[PDB]
Structure formats: C-alpha cells, structure tokens
>>> print(open('data.cif').read())   # mmCIF, C-alpha atoms and all ligand atoms
data_protein
loop_
_atom_site.label_atom_id
_atom_site.label_comp_id
_atom_site.auth_asym_id
_atom_site.auth_seq_id
_atom_site.Cartn_x
_atom_site.Cartn_y
_atom_site.Cartn_z
CA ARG A 7 -8.87 7.70 -36.90
CA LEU A 8 -5.32 6.57 -36.22
CA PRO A 9 -4.74 5.56 -32.58
CA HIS A 10 -2.91 8.46 -30.96
CA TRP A 11 -2.70 10.75 -27.97
CA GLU A 12 -4.98 13.67 -28.71
CA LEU A 13 -4.34 17.02 -27.05
CA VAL A 14 -7.38 18.01 -25.02
CA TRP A 15 -5.98 20.57 -22.59
CA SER A 16 -2.75 22.47 -22.21
CA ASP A 17 -1.13 25.59 -20.87
CA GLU A 18 2.03 26.52 -22.71
CA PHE A 19 2.43 29.57 -20.49
CA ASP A 20 3.06 31.74 -23.54
CA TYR A 21 1.45 34.75 -21.85
CA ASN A 22 2.27 37.27 -19.12
CA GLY A 23 0.88 37.84 -15.65
CA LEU A 24 -1.05 35.55 -13.33
CA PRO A 25 -1.79 31.93 -14.20
CA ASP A 26 -4.69 31.92 -16.68
CA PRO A 27 -7.84 31.88 -14.46
CA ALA A 28 -9.66 29.80 -17.10
CA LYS A 29 -7.14 26.99 -16.61
CA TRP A 30 -5.85 27.55 -13.08
CA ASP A 31 -7.21 28.19 -9.63
CA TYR A 32 -5.36 28.29 -6.32
CA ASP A 33 -5.23 26.39 -3.10
CA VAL A 34 -5.07 29.12 -0.47
CA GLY A 35 -4.12 28.80 3.17
CA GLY A 36 -1.36 27.99 5.61
CA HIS A 37 -3.13 25.39 7.74
CA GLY A 38 -0.38 22.81 7.16
CA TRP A 39 -2.11 21.04 4.29
CA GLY A 40 -2.23 17.73 6.14
CA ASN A 41 1.56 17.60 6.32
CA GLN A 42 2.51 20.27 8.83
CA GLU A 43 3.80 22.37 5.94
CA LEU A 44 5.11 25.80 6.84
CA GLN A 45 4.01 27.80 3.82
CA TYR A 46 0.99 29.92 3.15
CA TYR A 47 -0.34 29.02 -0.30
CA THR A 48 -1.44 32.37 -1.72
CA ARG A 49 -4.14 33.31 -4.23
CA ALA A 50 -3.33 35.11 -7.48
CA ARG A 51 -0.12 36.49 -6.00
CA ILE A 52 2.50 37.22 -8.65
CA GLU A 53 5.24 36.57 -6.07
CA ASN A 54 4.12 32.96 -5.90
CA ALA A 55 2.56 32.30 -9.30
CA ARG A 56 3.63 34.31 -12.33
CA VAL A 57 3.72 33.56 -16.03
CA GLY A 58 6.35 35.00 -18.34
CA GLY A 59 9.38 34.22 -20.45
CA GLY A 60 7.50 31.23 -21.79
CA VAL A 61 7.05 29.62 -18.39
CA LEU A 62 5.09 29.45 -15.20
CA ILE A 63 7.02 30.06 -12.04
CA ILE A 64 5.53 28.69 -8.87
CA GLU A 65 7.73 30.28 -6.25
CA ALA A 66 8.34 29.41 -2.63
CA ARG A 67 9.15 32.52 -0.58
CA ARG A 68 10.49 33.01 2.93
CA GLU A 69 8.40 35.95 4.10
CA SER A 70 6.02 36.86 6.93
CA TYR A 71 2.58 36.26 5.43
CA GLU A 72 -0.81 35.67 7.06
CA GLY A 73 0.75 34.12 10.17
CA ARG A 74 3.23 32.16 8.08
CA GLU A 75 6.97 32.53 7.62
CA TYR A 76 6.77 31.32 4.03
CA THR A 77 4.42 31.78 1.09
CA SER A 78 3.98 29.64 -1.99
CA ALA A 79 1.47 28.64 -4.62
CA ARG A 80 -0.52 25.49 -5.10
CA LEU A 81 -1.95 25.79 -8.59
CA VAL A 82 -4.87 23.55 -9.41
CA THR A 83 -7.16 22.84 -12.33
CA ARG A 84 -9.81 21.82 -9.83
CA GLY A 85 -13.01 23.51 -10.97
CA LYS A 86 -11.36 24.31 -14.32
CA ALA A 87 -10.36 21.06 -16.02
CA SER A 88 -10.31 17.46 -14.93
CA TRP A 89 -9.83 14.18 -16.75
CA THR A 90 -10.42 10.48 -16.46
CA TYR A 91 -7.50 8.69 -18.09
CA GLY A 92 -4.98 10.43 -20.31
CA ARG A 93 -1.36 11.30 -20.86
CA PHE A 94 -0.37 14.09 -18.51
CA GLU A 95 2.87 15.96 -19.09
CA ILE A 96 4.41 18.74 -17.06
CA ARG A 97 7.72 20.07 -18.34
CA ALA A 98 9.39 21.59 -15.32
CA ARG A 99 12.66 22.47 -13.65
CA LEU A 100 12.52 21.54 -9.99
CA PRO A 101 13.40 23.92 -7.13
CA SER A 102 16.54 23.36 -5.06
CA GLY A 103 16.81 23.54 -1.30
CA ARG A 104 16.57 21.56 1.91
CA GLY A 105 12.99 22.09 3.03
CA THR A 106 11.53 22.43 -0.48
CA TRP A 107 8.91 19.95 -1.66
CA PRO A 108 7.68 20.65 -5.20
CA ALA A 109 4.85 18.40 -6.33
CA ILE A 110 3.07 17.74 -9.59
CA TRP A 111 0.06 15.64 -8.83
CA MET A 112 -3.61 14.89 -9.08
CA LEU A 113 -6.59 14.54 -6.80
CA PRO A 114 -10.07 13.26 -7.57
CA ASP A 115 -12.82 15.73 -8.38
CA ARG A 116 -15.14 13.70 -6.17
CA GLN A 117 -15.56 11.32 -3.25
CA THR A 118 -17.13 8.59 -5.41
CA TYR A 119 -15.98 5.81 -3.11
CA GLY A 120 -16.90 6.11 0.56
CA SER A 121 -16.37 6.78 3.25
CA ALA A 122 -13.67 9.43 2.94
CA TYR A 123 -12.41 11.75 0.25
CA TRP A 124 -8.78 10.75 0.76
CA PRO A 125 -7.29 8.34 0.40
CA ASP A 126 -10.42 6.37 -0.61
CA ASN A 127 -10.74 8.14 -3.94
CA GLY A 128 -7.06 8.24 -4.68
CA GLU A 129 -4.22 10.60 -5.42
CA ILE A 130 -1.89 10.36 -8.39
CA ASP A 131 1.51 11.81 -7.67
CA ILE A 132 3.04 12.51 -11.08
CA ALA A 133 6.30 13.94 -9.79
CA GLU A 134 7.41 14.60 -6.24
CA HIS A 135 10.80 15.89 -5.24
CA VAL A 136 12.28 16.98 -1.91
CA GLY A 137 15.17 19.44 -1.77
CA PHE A 138 17.03 17.67 1.03
CA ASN A 139 17.32 14.72 -1.34
CA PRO A 140 18.06 16.50 -4.65
CA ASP A 141 17.50 14.96 -8.08
CA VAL A 142 15.33 12.01 -7.04
CA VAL A 143 11.82 12.14 -8.47
CA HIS A 144 8.98 10.03 -7.12
CA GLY A 145 5.87 8.80 -8.90
CA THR A 146 3.30 7.50 -6.46
CA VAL A 147 -0.31 6.50 -6.05
CA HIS A 148 -2.37 6.71 -2.89
CA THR A 149 -5.49 4.60 -2.53
CA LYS A 150 -7.55 3.27 0.38
CA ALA A 151 -5.47 0.08 0.34
CA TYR A 152 -2.25 1.78 -0.77
CA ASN A 153 -1.41 5.01 1.05
CA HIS A 154 1.27 6.74 3.14
CA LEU A 155 -0.85 6.39 6.29
CA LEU A 156 -0.79 2.58 6.06
CA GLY A 157 2.79 2.83 4.77
CA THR A 158 1.38 0.86 1.86
CA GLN A 159 1.68 3.53 -0.84
CA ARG A 160 2.82 2.39 -4.24
CA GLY A 161 5.36 4.40 -6.18
CA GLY A 162 8.82 4.40 -7.70
CA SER A 163 11.63 6.87 -8.19
CA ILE A 164 14.20 7.88 -10.77
CA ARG A 165 17.29 10.02 -10.36
CA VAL A 166 17.14 13.00 -12.70
CA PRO A 167 20.68 14.44 -12.41
CA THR A 168 19.65 17.79 -13.93
CA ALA A 169 16.13 18.13 -12.48
CA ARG A 170 16.99 21.39 -10.68
CA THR A 171 19.13 22.75 -13.50
CA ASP A 172 17.09 21.79 -16.56
CA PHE A 173 13.52 21.13 -17.64
CA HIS A 174 12.18 17.60 -17.62
CA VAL A 175 8.88 16.30 -18.88
CA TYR A 176 7.18 14.60 -15.95
CA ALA A 177 4.42 12.44 -17.30
CA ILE A 178 1.96 9.76 -16.40
CA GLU A 179 -0.02 7.67 -18.80
CA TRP A 180 -3.13 6.76 -16.87
CA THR A 181 -5.35 4.23 -18.61
CA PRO A 182 -8.06 1.78 -17.52
CA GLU A 183 -5.38 -0.91 -17.10
CA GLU A 184 -2.57 0.93 -15.31
CA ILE A 185 -0.78 4.15 -14.53
CA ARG A 186 2.73 4.60 -15.95
CA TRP A 187 5.19 7.27 -14.82
CA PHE A 188 7.82 8.78 -17.11
CA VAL A 189 10.65 11.25 -16.79
CA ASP A 190 11.39 12.48 -20.31
CA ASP A 191 9.64 9.30 -21.30
CA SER A 192 11.83 7.23 -19.03
CA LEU A 193 9.28 4.78 -17.61
CA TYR A 194 10.32 4.41 -13.99
CA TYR A 195 7.14 3.10 -12.44
CA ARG A 196 3.75 1.64 -13.32
CA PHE A 197 0.73 0.88 -11.20
CA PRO A 198 -1.50 -1.85 -12.61
CA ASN A 199 -5.26 -1.74 -12.14
CA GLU A 200 -5.57 -4.74 -9.82
CA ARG A 201 -9.32 -4.86 -10.38
CA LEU A 202 -8.65 -6.31 -13.82
CA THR A 203 -6.66 -9.26 -12.42
CA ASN A 204 -8.07 -9.75 -8.93
CA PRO A 205 -11.81 -10.32 -8.26
CA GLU A 206 -11.30 -9.20 -4.65
CA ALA A 207 -9.67 -5.98 -5.87
CA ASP A 208 -11.97 -2.94 -5.98
CA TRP A 209 -11.90 0.85 -5.69
CA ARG A 210 -9.70 0.44 -2.62
CA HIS A 211 -6.88 -0.71 -4.88
CA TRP A 212 -7.87 1.18 -8.02
CA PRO A 213 -10.02 4.31 -7.60
CA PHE A 214 -8.56 5.77 -10.79
CA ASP A 215 -11.59 5.45 -13.04
CA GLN A 216 -12.94 8.86 -12.05
CA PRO A 217 -12.03 12.47 -12.96
CA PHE A 218 -8.84 13.89 -11.46
CA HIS A 219 -7.55 17.43 -11.66
CA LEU A 220 -3.95 18.57 -11.69
CA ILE A 221 -2.12 20.25 -8.81
CA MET A 222 1.29 21.95 -8.81
CA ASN A 223 2.91 23.37 -5.72
CA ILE A 224 6.02 23.83 -3.68
CA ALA A 225 5.45 22.83 -0.08
CA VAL A 226 7.87 24.21 2.50
CA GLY A 227 8.89 21.70 5.14
CA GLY A 228 6.23 19.55 6.73
CA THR A 229 6.43 15.79 7.19
CA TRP A 230 8.44 14.91 4.06
CA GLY A 231 9.75 18.22 2.76
CA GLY A 232 11.17 19.23 6.12
CA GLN A 233 12.56 16.24 7.99
CA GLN A 234 16.01 17.71 7.46
CA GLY A 235 14.67 21.13 8.38
CA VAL A 236 14.10 24.04 6.02
CA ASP A 237 17.13 25.79 4.58
CA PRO A 238 15.88 29.43 4.71
CA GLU A 239 18.64 30.38 2.29
CA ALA A 240 17.04 28.04 -0.24
CA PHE A 241 14.51 30.80 -0.91
CA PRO A 242 13.11 31.96 -3.05
CA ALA A 243 12.85 28.51 -4.62
CA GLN A 244 11.24 28.12 -8.02
CA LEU A 245 9.27 25.36 -9.64
CA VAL A 246 9.43 26.47 -13.27
CA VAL A 247 6.92 24.98 -15.69
CA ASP A 248 7.49 25.17 -19.44
CA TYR A 249 4.15 23.56 -20.08
CA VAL A 250 1.31 21.42 -18.86
CA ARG A 251 -0.15 19.17 -21.54
CA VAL A 252 -2.99 16.73 -21.23
CA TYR A 253 -3.89 14.20 -23.89
CA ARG A 254 -6.61 11.64 -24.21
CA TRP A 255 -6.01 8.35 -25.97
CA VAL A 256 -8.08 7.96 -29.13
CA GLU A 257 -8.39 4.65 -30.99
CA CA A 301 6.15 27.26 -22.41
#
>>> encode(input="data.cif", output="structure tokens")
Amino acid sequence: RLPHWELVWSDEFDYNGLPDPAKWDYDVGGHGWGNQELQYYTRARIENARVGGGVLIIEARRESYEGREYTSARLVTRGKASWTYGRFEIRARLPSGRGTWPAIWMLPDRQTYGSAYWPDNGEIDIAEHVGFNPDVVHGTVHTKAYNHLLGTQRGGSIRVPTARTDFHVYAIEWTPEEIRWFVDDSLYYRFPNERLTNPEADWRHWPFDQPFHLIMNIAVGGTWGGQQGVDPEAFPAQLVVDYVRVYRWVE
C-alpha cells in the first residue's frame, strides 16, 4: 500500500429525512447535560435533525418542549460507529446567536480507565463555538489531568471569520503520538501524547488510545454557551453539516 488516509466511515448527507439511523443515534433529554443547558435534545425530530439539500441541519429551536423552552439535537455515532485514531472531518457552517453553543466532539465508548467515565477516559472536542463570541473555534481535550473542572483543559482556538456564513472543514488527526486540530486544514492546536515522552504520564494525561464516537449538537445556554444569556431571537439556529468523514491512517 501507499501510506494514506483511508475512508472508513462517512455521512455525506446526500439523502432526505431523518439522520440515517445506521450512522446516527440521538442524545435525548433536557436535564442540563452537565452544563445547565436549557435545551431539550430530541429524538428523531425533523425540527431538530433533518437531512436534505445535501446537508444535515441540527437545529436549535426556542419552543416549549418536555418542560424545556428550547429543543435541539445531539447527534451521536455512539452505538453505531466508533474509532481509535483517525482523521475526523466535519464540514459545517456554525449557528449564530448569543446563547448558542454548537459542538463537534467525541466521547469514549467506554470507561477503560477508572474510576469515572469522564473526564478519566477523555473527551476530544473537535470544534466548539459559542454564539456570544462569534467566529472563534476551539479545539480541546479533556482528560483526568487536563479538564475544565481542574481548569487544566488543553485546547487552542482559531478565528474563522466566515464560520457562521460558510462551511468549514473541522478536523482532528488523532494518532498514537498526538491529536492535531485543523480548520480547513489550518492546524491551530495539537495535543501530544505525554505518555510517549514522560514515564510518569499515563491514561490521566492521554486516555486517547481507546474507541471514541462522534457527537454533534447545539447546546442552548448553560455554563459556556449562556454566560451572556440566550438571545431568543437567535432561533432557530442551525448547525449545518455538509459531511462527516472519518479516515484511518494506513501505512
Ligand atoms: Ca453533503
């Protein structure tokens, strides 16, 4: 073989209707999602997750729903597809609006490393954006030693002037040695596997040698998305996804 990124999973959203149930499941609930978020993430609701016109729209809606004043979708490949290492691309246009918090990210299939699921086993934030600070995209990792609870999370950012007007390929290349974040293949952050350079480094610093699945949502408000409040006029807000593509590196 020639060394190259091999496509192993993708959704080009070339169909019509609900997110393909073979590739996508939903996170459902309005319990705050650990962030005091205001939305109810709905299941297979076309208002919140619809495919058409060559794209997926994850849509945040201001509406009275199951005790919540907003609905949204948190689309996951959990239980459908997960990967250990790879190049992960999500071509998306980000939603606008103070109170919006679109995320493209990953969580571990399993609690391999004790004694909690999170952050012990990690979280790879491929692209995070908050409406009250438009155009700035964050790539971030959370691990037992590096997480937002300890204030020790590791990530970078990059201003994407046309994030909310145009599509941008948000990508990580996650390998045994490091995670690299790209916007349109602008490398704006990388997270080295400290286990390979530091004998005292373990899963607490690099848990990313286990299968992660992809998540895509728009949170409404909560700790980060809504510390400037939630602009109700910012709705409906759309996270529009041209495609999700996952590659594995083959040598
Ligand atoms: Ca597409």
>>> closest_atom_pairs(input="data.cif", of="chain A", to="ligand CA 301 (chain A)", cutoff="6 Å", atoms="all atoms listed in the file", output="tab-separated table")
residue	atom	partner	partner_atom	distance
A:18	CA	A:CA301	CA	4.2
A:19	CA	A:CA301	CA	4.8
A:20	CA	A:CA301	CA	5.6
A:60	CA	A:CA301	CA	4.2
A:61	CA	A:CA301	CA	4.7
A:248	CA	A:CA301	CA	3.9
A:249	CA	A:CA301	CA	4.8
>>> residues_around(input="data.cif", residues="residue 135 in chain A", least_positions_apart="4", cutoff="6 Å", atoms="all atoms listed in the file", output="ChimeraX atom specification")
/A:107-108,143
>>> closest_residue(input="data.cif", among="A:132, A:240, A:217, A:14", to="residue 193 in chain A", atoms="only C-alpha atoms")
A:132
>>> axis_aligned_box(input="data.cif", around="range 242-251 of chain A", padding_each_side="4 Å", output="JSON")
{"center_x": 6.5, "center_y": 25.6, "center_z": -12.3, "size_x": 21.3, "size_y": 20.8, "size_z": 26.5}
>>> closest_residue(input="data.cif", among="A:37, A:186, A:160, A:68", to="residue 242 in chain A", atoms="only C-alpha atoms")
A:68
>>> atom_distance(input="data.cif", atom1="CA of residue 41 in chain A", atom2="CA of residue 210 in chain A")
22.4 Å
>>> atom_distance(input="data.cif", atom1="CA of residue 252 in chain A", atom2="CA of residue 50 in chain A")
23.0 Å
>>> residues_around(input="data.cif", residues="residue 155 in chain A", least_positions_apart="2", cutoff="12 Å", atoms="only C-alpha atoms", output="PyMOL selection string")
chain A and resi 40-41+124-126+148-153+157-160+229
>>> residues_around(input="data.cif", residues="residue 44 in chain A", least_positions_apart="6", cutoff="12 Å", atoms="only C-alpha atoms", output="PyMOL selection string")
chain A and resi 35-38+66-78+105-107+224-232+235-236+238
>>> closest_residue(input="data.cif", among="A:246, A:207, A:113, A:28", to="residue 88 in chain A", atoms="all atoms listed in the file")
A:113
>>> closest_residue(input="data.cif", among="A:220, A:110, A:100, A:147", to="residue 167 in chain A", atoms="all atoms listed in the file")
A:100
>>> residues_around(input="data.cif", residues="residue 58 in chain A", least_positions_apart="5", cutoff="9 Å", atoms="only C-alpha atoms", output="list in words")
residues 19, 20, 21, 22, 23, 24 and 63 of chain A
>>> atom_distance(input="data.cif", atom1="CA of residue 86 in chain A", atom2="CA of residue 178 in chain A")
19.8 Å
>>> residues_near_point(input="data.cif", point="(-11.7, 11.6, -6.6)", cutoff="9 Å", atoms="all atoms listed in the file", output="MDAnalysis selection string")
chainID A and resid 113:119 123:129 213:219
>>> write_last_selection(input="data.cif", atoms="C-alpha atoms", output="PDB file, keeping the file's coordinate frame")
ATOM      1  CA  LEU A 113      -6.590  14.540  -6.800  1.00  0.00           C
ATOM      2  CA  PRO A 114     -10.070  13.260  -7.570  1.00  0.00           C
ATOM      3  CA  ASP A 115     -12.820  15.730  -8.380  1.00  0.00           C
ATOM      4  CA  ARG A 116     -15.140  13.700  -6.170  1.00  0.00           C
ATOM      5  CA  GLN A 117     -15.560  11.320  -3.250  1.00  0.00           C
ATOM      6  CA  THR A 118     -17.130   8.590  -5.410  1.00  0.00           C
ATOM      7  CA  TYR A 119     -15.980   5.810  -3.110  1.00  0.00           C
ATOM      8  CA  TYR A 123     -12.410  11.750   0.250  1.00  0.00           C
ATOM      9  CA  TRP A 124      -8.780  10.750   0.760  1.00  0.00           C
ATOM     10  CA  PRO A 125      -7.290   8.340   0.400  1.00  0.00           C
ATOM     11  CA  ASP A 126     -10.420   6.370  -0.610  1.00  0.00           C
ATOM     12  CA  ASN A 127     -10.740   8.140  -3.940  1.00  0.00           C
ATOM     13  CA  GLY A 128      -7.060   8.240  -4.680  1.00  0.00           C
ATOM     14  CA  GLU A 129      -4.220  10.600  -5.420  1.00  0.00           C
ATOM     15  CA  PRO A 213     -10.020   4.310  -7.600  1.00  0.00           C
ATOM     16  CA  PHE A 214      -8.560   5.770 -10.790  1.00  0.00           C
ATOM     17  CA  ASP A 215     -11.590   5.450 -13.040  1.00  0.00           C
ATOM     18  CA  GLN A 216     -12.940   8.860 -12.050  1.00  0.00           C
ATOM     19  CA  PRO A 217     -12.030  12.470 -12.960  1.00  0.00           C
ATOM     20  CA  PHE A 218      -8.840  13.890 -11.460  1.00  0.00           C
ATOM     21  CA  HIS A 219      -7.550  17.430 -11.660  1.00  0.00           C
TER      22      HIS A 219
END
>>> residues_around(input="data.cif", residues="residue 101 in chain A", least_positions_apart="4", cutoff="6 Å", atoms="all atoms listed in the file", output="MDAnalysis selection string")
chainID A and resid 170 243:245
>>> closest_residue(input="data.cif", among="A:121, A:181, A:171, A:204", to="residue 255 in chain A", atoms="all atoms listed in the file")
A:181
>>> closest_residue(input="data.cif", among="A:93, A:130, A:52, A:168", to="residue 13 in chain A", atoms="only C-alpha atoms")
A:93
